[PDB]
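In what follows, every heavy atom counts, from backbone to side chain, and hydrogens, waters and symmetry copies are set aside. Remember, it's 1-based here, ligands and their atoms both numbered in the order they're listed. Below, chains carry the letters A, B, ... as their sequence lines are ordered, and counting in each starts from 1.
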Amino acid sequence: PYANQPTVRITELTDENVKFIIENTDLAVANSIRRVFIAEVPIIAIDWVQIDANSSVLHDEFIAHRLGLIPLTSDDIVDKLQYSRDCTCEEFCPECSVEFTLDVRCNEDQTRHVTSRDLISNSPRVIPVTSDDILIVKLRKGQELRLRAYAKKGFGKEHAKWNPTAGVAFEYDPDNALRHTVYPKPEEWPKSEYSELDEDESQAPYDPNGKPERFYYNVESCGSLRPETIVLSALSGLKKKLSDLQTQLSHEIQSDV
Amino acid sequence: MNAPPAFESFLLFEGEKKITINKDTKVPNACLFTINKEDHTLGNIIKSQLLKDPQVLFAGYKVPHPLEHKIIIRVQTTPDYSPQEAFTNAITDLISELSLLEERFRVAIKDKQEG
Amino acid sequence: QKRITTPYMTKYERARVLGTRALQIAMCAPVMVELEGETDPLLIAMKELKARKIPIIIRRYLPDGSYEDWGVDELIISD
Amino acid sequence: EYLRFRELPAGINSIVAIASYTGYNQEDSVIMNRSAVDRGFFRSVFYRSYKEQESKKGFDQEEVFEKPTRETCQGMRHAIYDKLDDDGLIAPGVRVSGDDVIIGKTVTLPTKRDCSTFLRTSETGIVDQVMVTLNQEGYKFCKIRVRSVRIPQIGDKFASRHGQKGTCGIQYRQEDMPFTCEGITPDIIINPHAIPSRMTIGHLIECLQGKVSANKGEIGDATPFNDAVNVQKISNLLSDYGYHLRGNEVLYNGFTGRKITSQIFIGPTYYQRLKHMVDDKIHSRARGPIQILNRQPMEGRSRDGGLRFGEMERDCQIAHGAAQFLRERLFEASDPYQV
Amino acid sequence: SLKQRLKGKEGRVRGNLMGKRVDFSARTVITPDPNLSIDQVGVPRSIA
Amino acid sequence: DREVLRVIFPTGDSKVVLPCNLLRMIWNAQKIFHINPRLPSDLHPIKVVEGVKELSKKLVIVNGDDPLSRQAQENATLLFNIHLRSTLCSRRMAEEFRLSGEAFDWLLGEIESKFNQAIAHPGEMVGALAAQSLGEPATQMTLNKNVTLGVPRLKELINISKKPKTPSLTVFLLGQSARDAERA
Amino acid sequence: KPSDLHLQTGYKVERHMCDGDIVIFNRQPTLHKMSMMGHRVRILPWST
Amino acid sequence: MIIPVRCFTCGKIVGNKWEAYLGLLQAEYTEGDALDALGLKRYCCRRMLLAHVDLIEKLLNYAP
Amino acid sequence: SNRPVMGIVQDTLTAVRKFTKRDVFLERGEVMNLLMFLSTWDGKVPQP
Amino acid sequence: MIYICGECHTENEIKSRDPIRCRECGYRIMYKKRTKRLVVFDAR
Amino acid sequence: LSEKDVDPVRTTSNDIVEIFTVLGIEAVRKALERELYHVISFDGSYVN
Ligand SMILES: [Zn+2]
Ligand SMILES: [Zn+2]
Ligand SMILES: [Zn+2]
């Protein structure tokens with residue numbers, strides 16, 4: 001029984017970012033947490049595009065690539081949805097995917113902007129985050145885009161479109177008391193926003209017994225999940241990976257004996 | 001032409017063991033844990049949690065090849081302690097810390113949202 | 001008897017003796033050495049070479065046109 | 001401004017870190033951000049057009065566009081002829097892989113031979129356009145454009161604008177890449193050892209100026225003989241935006257989250273994807289076709305040819321003393337014959 | 001002529017006897033791999 | 001041996017290329033057998049003299065007991081034997097190396113073992129080896145009193161030419177002219 | 001048909017190159033002995 | 001051709017900011033001010049819009 | 001030239017120079033990580 | 001076998017024997033229409 | 001060489017052909033070695 005006893009302080013919480021501090025953790029746990037924010041927090045994104053008509057100046061898989069990157073609301077439906085690989089249905093079904101439609105024709109002289117607002121989902125829980133709107137393609141008069149897409153569950157470790165973060169700022173030891181980074185000329189380096197030093201001194205005095213214990217986070221959200229949901233989803237997902245691992249380890253230990 | 005599927009880094013193909021334990025013949029009370037479809041995420045926390053155990057003599061992990069998706073964790077314990085027992089305790093300590101972290105983050109959100 | 005060539009096996013003789021013996025083993029020739037879980041013909045030939053059991057005679061041609069026949073067991077292996 | 005480079009750019013501005021990260025960027029190699037590539041970073045389209053003409057010339061010999069039946073037509077290959085439409089032409093929007101027939105051409109036999117066009121073996125794209133018309137000679141003329149999307153891979157060439165070319169040695173995901181305190185990861189990591197001998201100082205200045213340009217919001221001026229621009233001036237501008245004046249930043253190891261002891265020079269640099277992609281160069285031969293005159297392996301990747309085992313390789317194997325391997329390459333693996 | 005066929009780098013002797021094209025050969029770009037041994041070569045599955 | 005060396009190397013350059021590294025072999029023996037340089041040695045000086053004599057007979061490059069073979073064998077290993085004698089001498093074995101009897105016996109075995117491994121293997125294509133060994137450096141040579149050098153000079157030597165590009169003649173003065181600029 | 005797939009001693013199976021296969025690996029120009037060296041094949045998942 | 005949906009570096013959405021960015025420049029904003037107004041603080045995201053070339057406008061001139 | 005033809009190169013050579021400096025000190029965790037990449041390691045951690 | 005005219009964009013049915021030429025404007029450059037078979041794109 | 005006060009033992013010519021016709025085949029063998037050694041070792045390069 002040598003578990004840490006982390007404490008959490010949330011400094012800033014908006015609709016886009018959550019700023020918080022974790023204290024009394026190992027650097028490995030703090031790094032694995034940010035590393036799960038990016039790669040192992042599931043969301044719903046378009047991963048299956050079928051284009052019926054595309055007269056735009058962008059080729060078919062150019063459009064599909066853009067549709068995959070469009071963030072979709074995933075706050076609570078993502079937990080309910082199953083992985084299409086795990087689901088027992090056919091290619092797709094409502095329990096493992098969300099169907100999308102896009103049918104735009106340009107007939108006016110003015111350029112028609114095909115945006116995420118033109119994506120229509122079969123489930124109100126999963127919609128483009130913008131509903132300015134993300135531009136998919138611009139249509140000239142006489143050009144049309146007619147496609148149907150399926151959005152499925154996934155996480156950033158597979159493709160960056162399932163990464164829910166727009167930048168995870170991670171920091172520790174802002175005053176470099178541990179000297180994990182050695183400045184050739186410390187006076188030349190800007191103070192961290194979390195620096196507690198005075199203007200006169202550039203580095204905190206070296207701490208021989210110090211260890212990384214306090215970690216600063218700024219988890220910005222793409223929009224698919226609330227920033228606080230990304231953190232909670234990461235903490236439960238990381239716990240799930242460990243609990244799943246221990247179940248396998250228990251079998252291996254039992255199997256050997 | 002030779003691009004592996006993206007899912008191959010976290011999905012086990014049929015007939016693949018998630019974790020295998022191999023005794024280390026070089027020194028006593030040392031075992032090698034080969035975990036499949038894992039990366040520095042679990043390798044680092046398990047290694048760092050093991051180093052917190054006073055009965056663990058050696059704890060270390062490695063990704064033998066970035067293009068492969070294996071982590072090898074080498075654990076050496078004292079004669080009265082088993083590497084497998086250290087590994088299980090390390091995960092429980094990690095799970096307890098994560099579960100406690102989840103509870104304290106939820107409270108922080110409620111306090112921040114309330115005012 | 002009356003051999004002037006080196007008593008050591010040359011690197012080129014080792015390469016061909018092992019390669020030639022491996023093919024013989026690969027063609028179901030009897031294995032002179034006892035093998036345990038060895039199925040590669042080239043690794044088996046290495047065991048025979050170490051055991052000095054390869055049934056091959058190296059005939060070293062001298063510049064004058066004569067030759068000396070050496071048994072693989074007679075020659076000193078580099079290892 | 002006068003080259004119209006703004007109107008038709010040939011590159012992307014990349015967050016480039018000059019660091020020795022994992023050894024996968026050594027010797028002019030490059031580490032790319034897998035997540036950035038997943039977002040369209042340096043994604044490119046390869047368009048290849050195939051032109052075929054049906055011409056009738058001779059007393060009873062003619063060429064037509066049609067689907068060649070394995071029984072009706074004499075010549076035939078192990079490729080797939082199912083994609084062809086009734087008029088002998090593949091349709092746009094159809095996925096085509098190696099050993100696929102895009103143009104069904106049959107020449108009447110003096111029943112009829114097969115001259116059908118086979119898609120390039122390596123190529124795996126989608127038929128983009130199928131144009132049919134009359135060429136200058138008045139014969140029916142078809143051009144077929146096959147579209148293949150090229151996602152940057154390991155082995156694709158990338159260069160800065162300073163002679164620092166390099167293939168991609170590995171691609172790391174965003175979490176694996178080193179990050180700044182702001183969560184910025186480099187799109188590309190180049191080895192520091194590429195700079196000293198080459199003395200591409202303009203690369204370092206562009207990175208420093210690029211950082212100021214992106215923060216300031218102004219396109220930087222790198223006109224050569226301009227006293228108004230100095231490294232010190234650029235460095236002073238960078239300080240005003242909360243960055244180290246020399247373009248260094250404290251980076252954290254992505255695998256462990258620990259600060260890297262040395263601060264890494266990182267900033268925006270314009271890189272360009274070069275035409276040379278590994279998938280266009282990878283070539284393997286294992287008992288292919290042989291040429292008529294010499295009965296030796298064909299020549300060229302597009303012909304499934306063999307690699308040349310020239311005099312220098314022959315001389316090298318003599319020094320090795322590998323007489324049998326030399327015999328394999330020059331006799332057994334090229335043109336074994338009996339007389 | 002016959003003489004032209006035999007002489008030169010691309011002639012019959014130097015171009016087809018002293019050196020020649022061979023089967024069971026592969027060519028592609030090379031990239032670093034610090035995780036391989038000095039005596040190892042990483043090979044694509046398509047070539048293998 | 002000292003006088004023979006003076007003839008072989010009139011310039012006095014003692015740096016040579018020889019099969020076995022005796023100084024490192026002695027260093028290995030000192031570490032392997034934990035030789036203590038401070039304590040007196042138990043290696044009899046005569047065992048050093050006799051041991052080296054026996055070793056020299058084992059290092060054979062030209063086998064045969066006839067006078068022609070014996071002379072070639074003496075000539076083939078002349079330099080190594082001089083180096084061996086001046087390194088494994090009794091004075092030095094007792095003064096600085098301080099090897100013991102066990103260490104010295106091991107040392108003699110290593111020199112024999114490593115010397116035999118150095119002998120050229122029959123079938124070695126040394127001509128091809130020499131061509132590549134003298135050709136690979138040419139790929140890093142530059143092209144052009146002044147004297148021709150690099151690749152253009154290498155051509156003149158192998159393309160032996162009636163008229164060199166930069167013929168020259170190094171004249172050494174014999175009598176007082178050498179040491180007198182006026183007389184030179 | 002498995003009847004033709006049945007193997008017996010003396011048959012040869014032209015199997016795919018696998019890990020540990022010995023290959024000669026060459027860079028041109030081949031100037032010296034180290035320009036061609038033997039390597040053990042390791043299969044890795046990319047095209048280089 | 002068209003504004004990328006996400007920033008290549010961090011994955012922030014930038015494909016809904018090109019028209020707003022153009023409008024701000026029309027309003028006499030400096031490029032730096034316009035990027036700040038759009039919330040693009042990291043210079044990786046500012047790079048996306050500051051260096052974008054909208055060729056799709058030229059392509060729409062060609063009749064389909 | 002009776003000498004090695006290959007040695008240590010760009011990153012490893014630059015880093016090994018830094019690594020073997022007198023003032024390079026490694027913590028217990030750092031050392032155990034490095035020994036994971038030592039194939040010939042006997043498994044015994046040396047006395048610091 | 002529908003063909004879109006390269007100039008006036010008119011779908012035209014041309015057999016394997018009749019000449020390739022627009023029915024309306026007589027343009028000589030035709031384009032095959034997109035196949036009815038639907039290809040699946042992964043949005044990656 | 002015949003000139004008075006000129007050393008006839010060390011006086012040498014870099015012209016290989018001159019050495020051969022004046023001193024013999026063995027002298028040019030040694031002279032050829034020295035001249036070839038000069039070009040190789042001019043830049044500090046060493047060949048066995
Ligand atoms: Zn389902
Ligand atoms: Zn960004
Ligand atoms: Zn028309």
Task: Closer than 2.8 Å to the Zn ion (ligand 1) - protein N, O or S atoms, ordered by chain and residue number - done: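 Sorted hits: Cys87(A) SG, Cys89(A) SG, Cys93(A) SG, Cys96(A) SG.
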Open item on the list: Given the ring of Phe37(A), does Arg34(A) sit roughly above its face, with NZ or CZ under 6.0 Å from the centre of the six-membered ring and within 45° of the axis?
Closed with: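 The answer is no, since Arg34(A) fails at least one limit relative to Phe37(A).
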Open item on the list: Is the positively charged end of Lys211(D) above the ring of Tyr243(D), judged by distance under 6.0 angstrom from the centroid and angle within 45° of the axis?
Closed with: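 Yes, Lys211(D) and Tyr243(D) form such a contact.
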TODO: Give a yes or no answer on whether the side chain of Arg140(A) reaches the backbone of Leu60(H) with a donor-acceptor pair at less than 3.5 Å.
DONE: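 Yes.
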Open item on the list: Has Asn17(A) got a side-chain atom pairing as donor or acceptor with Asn218(A)'s backbone, closer than 3.5 angstrom?
Closed with: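 Not confirmed, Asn17(A) side chain does not pair with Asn218(A) backbone.
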Any side-chain heavy-atom pair of [X] and [Y] under 4.5 Å:
X        : Y         : answer
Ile20(J) : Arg28(J)  : no
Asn33(D) : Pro186(D) : no
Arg47(H) : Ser213(D) : no
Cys5(J)  : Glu24(J)  : no
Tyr21(H) : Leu35(H)  : yes
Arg23(J) : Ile14(J)  : yes

- [ ] Measure the CD-CD distance between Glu175(D) and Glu40(A) for me, rounded to the nearest 0.5 Å.
- [x]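 Rounded to the nearest 0.5 Å, the CD-CD separation comes out at 7.5 Å.
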Open item on the list: If we only look closer than 2.8 Å, how many protein N, O or S atoms does the Zn ion (ligand 3) have near it?
Closed with: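 That number is 4, waters not included.
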- [ ] Could you pull out the N/O/S protein atoms under 2.8 Å of the Zn ion (ligand 2), ignoring any water?
- [x]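 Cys7(H) SG, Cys10(H) SG, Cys44(H) SG, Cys45(H) SG, with waters left out.
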Task: Counterpart residues, side-chain hydrogen bond (donor to acceptor under 3.5 Å, both in side chains), relative to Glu11(J) (two or more places apart) - done: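 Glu11(J): no side-chain hydrogen bond (donor to acceptor under 3.5 Å, both in side chains) contacts found.
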TODO: May I ask you to check whether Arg35(A) and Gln174(D) show a side-chain donor-acceptor distance below 3.5 Å?
DONE: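 There is no such pair (donor and acceptor under 3.5 Å, judged by atom type) between the side chains of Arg35(A) and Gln174(D).
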